[PDB]
Amino acid sequence: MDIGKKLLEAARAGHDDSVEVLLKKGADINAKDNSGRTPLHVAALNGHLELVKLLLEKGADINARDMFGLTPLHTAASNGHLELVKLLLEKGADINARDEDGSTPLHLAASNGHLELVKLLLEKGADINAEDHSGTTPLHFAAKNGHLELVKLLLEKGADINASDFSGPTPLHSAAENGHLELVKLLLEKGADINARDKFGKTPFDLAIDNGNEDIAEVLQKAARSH
Amino acid sequence: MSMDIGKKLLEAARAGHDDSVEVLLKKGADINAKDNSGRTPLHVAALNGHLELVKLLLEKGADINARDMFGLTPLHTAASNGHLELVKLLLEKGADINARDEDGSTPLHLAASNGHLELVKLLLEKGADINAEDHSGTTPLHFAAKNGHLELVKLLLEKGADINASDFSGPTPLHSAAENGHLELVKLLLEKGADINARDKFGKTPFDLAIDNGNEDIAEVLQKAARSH
């Protein structure tokens, strides 16, 4: 009889009484379903605050990751559960945790227009200009999804209004990528930007590595250290 | 038997047979006849570096700025193929030095891509835009660096090429707001100083995205912002 599965279902449907019973029967409090979600994840999802208090006190992992790298805090913030987010932060949740796509809880809360929840996150030290793996910030999602007041807040709190993620490759990118060593040295001496990011957010150094250009990568690495 | 004389003129010009070209022109072949790719005798002659044949074509009134199917001018193809004396002649007879083909490439783009140093020197001397962007936002320096032409890159940098040229960017919040028809958000972003000239990954402005999505009110607001300046 799979009691971990029963624990997960009870946690999701918010049956505190069944959760108590199953945990007493030795159910794994950090049992993971097929998507890697723990009882804490699914309880956080449906805003079951008291159940989350019980799970945390009984040893649930606050920073557990599902297969997408989402923490319970991600899910609570995404679904606009303010008090639940307060609780998670008080119990040691990582406010700048990033999922598989590089999204922070602030990203998700901004995307869904949860104004007060965003206020709380910023108060508790959320990075307002955090970029996901696509180089996009919470302000991008708030503007894209038409959350006007939320955009006002982000701008008031110092979000970059012209945040534009990455750029196209610079000449140093091209030279590094195509293994032109002497060209790379010339570009560096003439002041090319070693920190430039191409359309995937990559530096000339990353591209040198991707293409197996050991000598170029060393020269670029040396440049990085000098600064 | 049958043989179109314009096609004979094109074949002769491509193979560099000045004597056949002279005869065909006297017999009334169209000096600006185009092949199936839109190339004129001037194009195909510039391609194979037939200088005297290009001189004859020009003196007999060839269209120096004719365009092939790719929007390439004779100057484009002479520059790309590194025919320096031929490029001199074309420029002297009025070729547009900053002409752009279908992809937004200028003659300097193509000469730089192939590392034709003295040819690039000449183009710059005659006023080529060293920081010209093609439709991808790419500059001549990009192509020289990418294709590994060291001395060309040295020259371009000497002549003021932007060493950190990076074309376009990802979309700004103003882009997203305009693309998704959020008018009040657009108005707010503008008053708070959003950049109306910002270009997204395809080089488009927020105004372009507004038109693309049929958001007229937003496009009008962005237009008023642009005109304001």
# chains A, B, ... in the order shown; residues from 1 in each chain; ligands from 1
$ residues_around --residues "residue 93 in chain B" --least-positions-apart "2" --cutoff "10 Å" --atoms "only C-alpha atoms" --output "number ranges by chain"
B: 55, 58-59, 64-65, 87-91, 95-96
$ closest_atom_pairs --of "chain B" --to "chain A" --cutoff "7 Å" --atoms "only C-alpha atoms" --output "JSON lines"
{"residue": "B:141", "atom": "CA", "partner": "A:171", "partner_atom": "CA", "distance": 6.8}
{"residue": "B:142", "atom": "CA", "partner": "A:171", "partner_atom": "CA", "distance": 4.9}
{"residue": "B:145", "atom": "CA", "partner": "A:175", "partner_atom": "CA", "distance": 5.4}
{"residue": "B:146", "atom": "CA", "partner": "A:174", "partner_atom": "CA", "distance": 4.6}
{"residue": "B:148", "atom": "CA", "partner": "A:180", "partner_atom": "CA", "distance": 5.8}
{"residue": "B:150", "atom": "CA", "partner": "A:183", "partner_atom": "CA", "distance": 5.6}
{"residue": "B:163", "atom": "CA", "partner": "A:192", "partner_atom": "CA", "distance": 5.9}
{"residue": "B:164", "atom": "CA", "partner": "A:170", "partner_atom": "CA", "distance": 5.5}
{"residue": "B:165", "atom": "CA", "partner": "A:170", "partner_atom": "CA", "distance": 5.5}
{"residue": "B:166", "atom": "CA", "partner": "A:168", "partner_atom": "CA", "distance": 4.9}
{"residue": "B:167", "atom": "CA", "partner": "A:168", "partner_atom": "CA", "distance": 5.4}
{"residue": "B:168", "atom": "CA", "partner": "A:167", "partner_atom": "CA", "distance": 5.9}
{"residue": "B:169", "atom": "CA", "partner": "A:167", "partner_atom": "CA", "distance": 4.3}
{"residue": "B:170", "atom": "CA", "partner": "A:164", "partner_atom": "CA", "distance": 4.8}
{"residue": "B:171", "atom": "CA", "partner": "A:164", "partner_atom": "CA", "distance": 5.3}
{"residue": "B:172", "atom": "CA", "partner": "A:164", "partner_atom": "CA", "distance": 4.8}
{"residue": "B:173", "atom": "CA", "partner": "A:140", "partner_atom": "CA", "distance": 5.0}
{"residue": "B:176", "atom": "CA", "partner": "A:144", "partner_atom": "CA", "distance": 4.7}
{"residue": "B:177", "atom": "CA", "partner": "A:144", "partner_atom": "CA", "distance": 5.3}
{"residue": "B:180", "atom": "CA", "partner": "A:144", "partner_atom": "CA", "distance": 6.6}
{"residue": "B:182", "atom": "CA", "partner": "A:146", "partner_atom": "CA", "distance": 5.8}
{"residue": "B:185", "atom": "CA", "partner": "A:148", "partner_atom": "CA", "distance": 5.6}
{"residue": "B:194", "atom": "CA", "partner": "A:162", "partner_atom": "CA", "distance": 6.0}
{"residue": "B:195", "atom": "CA", "partner": "A:162", "partner_atom": "CA", "distance": 6.5}
$ atom_distance --atom1 "CA of residue 107 in chain B" --atom2 "CA of residue 43 in chain B"
13.6 Å
$ residues_around --residues "residue 60 in chain B" --least-positions-apart "2" --cutoff "12 Å" --atoms "only C-alpha atoms" --output "MDAnalysis selection string"
chainID B and resid 21:22 24:26 28:32 41:42 53:58 62:64
$ select_by_dssp --residues "range 44-80 of chain B" --states "alpha helix (DSSP H)" --output "list in words"
residues 44, 45, 46, 47, 51, 52, 53, 54, 55, 56, 57, 58, 59, 74, 75, 76, 77, 78, 79 and 80 of chain B
$ write_last_selection --atoms "N, CA, C and O atoms" --output "mmCIF file, in the first residue's frame"
data_model
loop_
_atom_site.group_PDB
_atom_site.id
_atom_site.type_symbol
_atom_site.label_atom_id
_atom_site.label_comp_id
_atom_site.auth_asym_id
_atom_site.auth_seq_id
_atom_site.Cartn_x
_atom_site.Cartn_y
_atom_site.Cartn_z
ATOM 1 N N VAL B 44 27.345 40.621 -65.037
ATOM 2 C CA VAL B 44 28.111 39.419 -65.301
ATOM 3 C C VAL B 44 29.547 39.769 -65.686
ATOM 4 O O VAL B 44 30.464 39.016 -65.400
ATOM 5 N N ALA B 45 29.735 40.909 -66.339
ATOM 6 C CA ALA B 45 31.074 41.387 -66.651
ATOM 7 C C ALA B 45 31.827 41.792 -65.384
ATOM 8 O O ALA B 45 33.028 41.502 -65.234
ATOM 9 N N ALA B 46 31.137 42.460 -64.467
ATOM 10 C CA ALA B 46 31.758 42.845 -63.199
ATOM 11 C C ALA B 46 32.147 41.605 -62.417
ATOM 12 O O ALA B 46 33.173 41.583 -61.728
ATOM 13 N N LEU B 47 31.338 40.559 -62.554
ATOM 14 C CA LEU B 47 31.569 39.305 -61.843
ATOM 15 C C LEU B 47 32.904 38.686 -62.199
ATOM 16 O O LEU B 47 33.692 38.300 -61.320
ATOM 17 N N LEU B 51 37.381 44.217 -67.256
ATOM 18 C CA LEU B 51 37.436 45.621 -67.189
ATOM 19 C C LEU B 51 37.120 46.357 -68.482
ATOM 20 O O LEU B 51 36.305 47.229 -68.480
ATOM 21 N N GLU B 52 37.810 46.015 -69.565
ATOM 22 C CA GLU B 52 37.579 46.686 -70.840
ATOM 23 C C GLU B 52 36.159 46.461 -71.333
ATOM 24 O O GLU B 52 35.568 47.361 -71.928
ATOM 25 N N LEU B 53 35.612 45.274 -71.083
ATOM 26 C CA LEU B 53 34.243 44.996 -71.492
ATOM 27 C C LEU B 53 33.266 45.873 -70.704
ATOM 28 O O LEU B 53 32.265 46.342 -71.253
ATOM 29 N N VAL B 54 33.568 46.103 -69.423
ATOM 30 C CA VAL B 54 32.758 46.989 -68.601
ATOM 31 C C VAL B 54 32.902 48.429 -69.085
ATOM 32 O O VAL B 54 31.931 49.190 -69.067
ATOM 33 N N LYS B 55 34.096 48.796 -69.550
ATOM 34 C CA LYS B 55 34.278 50.129 -70.116
ATOM 35 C C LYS B 55 33.427 50.353 -71.337
ATOM 36 O O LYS B 55 32.860 51.430 -71.507
ATOM 37 N N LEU B 56 33.359 49.339 -72.189
ATOM 38 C CA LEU B 56 32.558 49.406 -73.407
ATOM 39 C C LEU B 56 31.079 49.496 -73.077
ATOM 40 O O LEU B 56 30.362 50.339 -73.624
ATOM 41 N N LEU B 57 30.632 48.652 -72.151
ATOM 42 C CA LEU B 57 29.232 48.649 -71.743
ATOM 43 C C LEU B 57 28.821 50.009 -71.213
ATOM 44 O O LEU B 57 27.772 50.537 -71.579
ATOM 45 N N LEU B 58 29.647 50.575 -70.345
ATOM 46 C CA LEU B 58 29.375 51.875 -69.754
ATOM 47 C C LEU B 58 29.330 52.994 -70.800
ATOM 48 O O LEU B 58 28.447 53.852 -70.785
ATOM 49 N N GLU B 59 30.284 52.982 -71.719
ATOM 50 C CA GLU B 59 30.338 54.047 -72.702
ATOM 51 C C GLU B 59 29.163 53.939 -73.665
ATOM 52 O O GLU B 59 28.730 54.940 -74.225
ATOM 53 N N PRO B 74 26.136 46.215 -59.896
ATOM 54 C CA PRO B 74 27.442 45.818 -60.434
ATOM 55 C C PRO B 74 28.586 46.128 -59.459
ATOM 56 O O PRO B 74 29.553 45.363 -59.367
ATOM 57 N N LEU B 75 28.449 47.225 -58.719
ATOM 58 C CA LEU B 75 29.446 47.606 -57.724
ATOM 59 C C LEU B 75 29.536 46.589 -56.612
ATOM 60 O O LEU B 75 30.633 46.269 -56.145
ATOM 61 N N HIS B 76 28.390 46.077 -56.189
ATOM 62 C CA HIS B 76 28.352 45.015 -55.187
ATOM 63 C C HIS B 76 29.198 43.839 -55.619
ATOM 64 O O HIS B 76 30.023 43.330 -54.852
ATOM 65 N N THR B 77 28.978 43.394 -56.856
ATOM 66 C CA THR B 77 29.613 42.169 -57.299
ATOM 67 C C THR B 77 31.107 42.415 -57.588
ATOM 68 O O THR B 77 31.945 41.536 -57.324
ATOM 69 N N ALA B 78 31.443 43.602 -58.085
ATOM 70 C CA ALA B 78 32.861 43.932 -58.310
ATOM 71 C C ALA B 78 33.621 44.009 -56.982
ATOM 72 O O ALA B 78 34.785 43.584 -56.886
ATOM 73 N N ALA B 79 32.972 44.589 -55.972
ATOM 74 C CA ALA B 79 33.576 44.718 -54.651
ATOM 75 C C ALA B 79 33.723 43.356 -53.979
ATOM 76 O O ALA B 79 34.796 43.017 -53.477
ATOM 77 N N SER B 80 32.672 42.546 -54.058
ATOM 78 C CA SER B 80 32.685 41.220 -53.456
ATOM 79 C C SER B 80 33.774 40.351 -54.055
ATOM 80 O O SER B 80 34.455 39.581 -53.357
#
$ atom_distance --atom1 "CA of residue 75 in chain A" --atom2 "CA of residue 46 in chain A"
9.0 Å
$ atom_distance --atom1 "CA of residue 8 in chain B" --atom2 "CA of residue 23 in chain B"
10.5 Å
$ residues_around --residues "residue 175 in chain B" --least-positions-apart "3" --cutoff "9 Å" --atoms "only C-alpha atoms" --output "list in words"
residues 143 and 144 of chain A; 171, 172, 178, 179, 180, 186, 196, 198, 199, 200, 204, 205, 206, 207, 209 and 210 of chain B
$ decode --residues "range 32-63 of chain B" --atoms "N, CA and C atoms" --output "PDB file, in the first residue's frame"
ATOM      1  N   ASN B  32      20.867  46.728 -71.436  1.00  0.00           N
ATOM      2  CA  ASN B  32      20.447  46.407 -70.078  1.00  0.00           C
ATOM      3  C   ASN B  32      19.614  45.126 -70.018  1.00  0.00           C
ATOM      4  N   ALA B  33      19.805  44.241 -70.993  1.00  0.00           N
ATOM      5  CA  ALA B  33      19.099  42.964 -70.976  1.00  0.00           C
ATOM      6  C   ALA B  33      19.450  42.211 -69.690  1.00  0.00           C
ATOM      7  N   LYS B  34      18.474  41.543 -69.093  1.00  0.00           N
ATOM      8  CA  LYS B  34      18.720  40.793 -67.852  1.00  0.00           C
ATOM      9  C   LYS B  34      18.576  39.281 -68.047  1.00  0.00           C
ATOM     10  N   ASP B  35      19.418  38.478 -67.389  1.00  0.00           N
ATOM     11  CA  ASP B  35      19.226  37.035 -67.498  1.00  0.00           C
ATOM     12  C   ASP B  35      18.109  36.590 -66.524  1.00  0.00           C
ATOM     13  N   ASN B  36      17.955  35.279 -66.349  1.00  0.00           N
ATOM     14  CA  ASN B  36      16.926  34.708 -65.482  1.00  0.00           C
ATOM     15  C   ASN B  36      17.059  35.087 -64.005  1.00  0.00           C
ATOM     16  N   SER B  37      18.248  35.526 -63.606  1.00  0.00           N
ATOM     17  CA  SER B  37      18.490  36.005 -62.259  1.00  0.00           C
ATOM     18  C   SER B  37      18.504  37.536 -62.187  1.00  0.00           C
ATOM     19  N   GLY B  38      18.139  38.196 -63.279  1.00  0.00           N
ATOM     20  CA  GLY B  38      18.061  39.650 -63.294  1.00  0.00           C
ATOM     21  C   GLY B  38      19.409  40.328 -63.500  1.00  0.00           C
ATOM     22  N   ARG B  39      20.432  39.546 -63.806  1.00  0.00           N
ATOM     23  CA  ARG B  39      21.757  40.111 -64.022  1.00  0.00           C
ATOM     24  C   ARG B  39      21.848  40.738 -65.413  1.00  0.00           C
ATOM     25  N   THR B  40      22.454  41.921 -65.496  1.00  0.00           N
ATOM     26  CA  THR B  40      22.687  42.593 -66.775  1.00  0.00           C
ATOM     27  C   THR B  40      24.064  42.200 -67.282  1.00  0.00           C
ATOM     28  N   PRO B  41      24.403  42.563 -68.547  1.00  0.00           N
ATOM     29  CA  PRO B  41      25.764  42.331 -69.035  1.00  0.00           C
ATOM     30  C   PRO B  41      26.794  42.986 -68.123  1.00  0.00           C
ATOM     31  N   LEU B  42      26.435  44.133 -67.552  1.00  0.00           N
ATOM     32  CA  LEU B  42      27.319  44.833 -66.624  1.00  0.00           C
ATOM     33  C   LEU B  42      27.562  44.013 -65.362  1.00  0.00           C
ATOM     34  N   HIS B  43      26.513  43.363 -64.868  1.00  0.00           N
ATOM     35  CA  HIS B  43      26.637  42.505 -63.691  1.00  0.00           C
ATOM     36  C   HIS B  43      27.601  41.360 -63.958  1.00  0.00           C
ATOM     37  N   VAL B  44      27.345  40.621 -65.037  1.00  0.00           N
ATOM     38  CA  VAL B  44      28.111  39.419 -65.301  1.00  0.00           C
ATOM     39  C   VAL B  44      29.547  39.769 -65.686  1.00  0.00           C
ATOM     40  N   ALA B  45      29.735  40.909 -66.339  1.00  0.00           N
ATOM     41  CA  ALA B  45      31.074  41.387 -66.651  1.00  0.00           C
ATOM     42  C   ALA B  45      31.827  41.792 -65.384  1.00  0.00           C
ATOM     43  N   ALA B  46      31.137  42.460 -64.467  1.00  0.00           N
ATOM     44  CA  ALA B  46      31.758  42.845 -63.199  1.00  0.00           C
ATOM     45  C   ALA B  46      32.147  41.605 -62.417  1.00  0.00           C
ATOM     46  N   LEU B  47      31.338  40.559 -62.554  1.00  0.00           N
ATOM     47  CA  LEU B  47      31.569  39.305 -61.843  1.00  0.00           C
ATOM     48  C   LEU B  47      32.904  38.686 -62.199  1.00  0.00           C
ATOM     49  N   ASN B  48      33.182  38.622 -63.495  1.00  0.00           N
ATOM     50  CA  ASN B  48      34.376  37.953 -63.952  1.00  0.00           C
ATOM     51  C   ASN B  48      35.539  38.906 -64.189  1.00  0.00           C
ATOM     52  N   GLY B  49      35.386  40.133 -63.705  1.00  0.00           N
ATOM     53  CA  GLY B  49      36.455  41.114 -63.715  1.00  0.00           C
ATOM     54  C   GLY B  49      36.920  41.552 -65.089  1.00  0.00           C
ATOM     55  N   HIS B  50      35.997  41.639 -66.044  1.00  0.00           N
ATOM     56  CA  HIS B  50      36.327  42.063 -67.418  1.00  0.00           C
ATOM     57  C   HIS B  50      36.293  43.571 -67.565  1.00  0.00           C
ATOM     58  N   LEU B  51      37.381  44.217 -67.256  1.00  0.00           N
ATOM     59  CA  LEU B  51      37.436  45.621 -67.189  1.00  0.00           C
ATOM     60  C   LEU B  51      37.120  46.357 -68.482  1.00  0.00           C
ATOM     61  N   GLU B  52      37.810  46.015 -69.565  1.00  0.00           N
ATOM     62  CA  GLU B  52      37.579  46.686 -70.840  1.00  0.00           C
ATOM     63  C   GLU B  52      36.159  46.461 -71.333  1.00  0.00           C
ATOM     64  N   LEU B  53      35.612  45.274 -71.083  1.00  0.00           N
ATOM     65  CA  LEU B  53      34.243  44.996 -71.492  1.00  0.00           C
ATOM     66  C   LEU B  53      33.266  45.873 -70.704  1.00  0.00           C
ATOM     67  N   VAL B  54      33.568  46.103 -69.423  1.00  0.00           N
ATOM     68  CA  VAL B  54      32.758  46.989 -68.601  1.00  0.00           C
ATOM     69  C   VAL B  54      32.902  48.429 -69.085  1.00  0.00           C
ATOM     70  N   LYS B  55      34.096  48.796 -69.550  1.00  0.00           N
ATOM     71  CA  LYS B  55      34.278  50.129 -70.116  1.00  0.00           C
ATOM     72  C   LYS B  55      33.427  50.353 -71.337  1.00  0.00           C
ATOM     73  N   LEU B  56      33.359  49.339 -72.189  1.00  0.00           N
ATOM     74  CA  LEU B  56      32.558  49.406 -73.407  1.00  0.00           C
ATOM     75  C   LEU B  56      31.079  49.496 -73.077  1.00  0.00           C
ATOM     76  N   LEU B  57      30.632  48.652 -72.151  1.00  0.00           N
ATOM     77  CA  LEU B  57      29.232  48.649 -71.743  1.00  0.00           C
ATOM     78  C   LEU B  57      28.821  50.009 -71.213  1.00  0.00           C
ATOM     79  N   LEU B  58      29.647  50.575 -70.345  1.00  0.00           N
ATOM     80  CA  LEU B  58      29.375  51.875 -69.754  1.00  0.00           C
ATOM     81  C   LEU B  58      29.330  52.994 -70.800  1.00  0.00           C
ATOM     82  N   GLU B  59      30.284  52.982 -71.719  1.00  0.00           N
ATOM     83  CA  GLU B  59      30.338  54.047 -72.702  1.00  0.00           C
ATOM     84  C   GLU B  59      29.163  53.939 -73.665  1.00  0.00           C
ATOM     85  N   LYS B  60      28.586  52.744 -73.782  1.00  0.00           N
ATOM     86  CA  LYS B  60      27.436  52.548 -74.654  1.00  0.00           C
ATOM     87  C   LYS B  60      26.135  52.727 -73.890  1.00  0.00           C
ATOM     88  N   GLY B  61      26.231  53.233 -72.661  1.00  0.00           N
ATOM     89  CA  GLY B  61      25.056  53.639 -71.906  1.00  0.00           C
ATOM     90  C   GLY B  61      24.437  52.647 -70.934  1.00  0.00           C
ATOM     91  N   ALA B  62      25.205  51.664 -70.464  1.00  0.00           N
ATOM     92  CA  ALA B  62      24.660  50.689 -69.523  1.00  0.00           C
ATOM     93  C   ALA B  62      24.220  51.353 -68.204  1.00  0.00           C
ATOM     94  N   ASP B  63      23.178  50.796 -67.595  1.00  0.00           N
ATOM     95  CA  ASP B  63      22.659  51.303 -66.339  1.00  0.00           C
ATOM     96  C   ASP B  63      23.594  50.887 -65.221  1.00  0.00           C
TER      97      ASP B  63
END
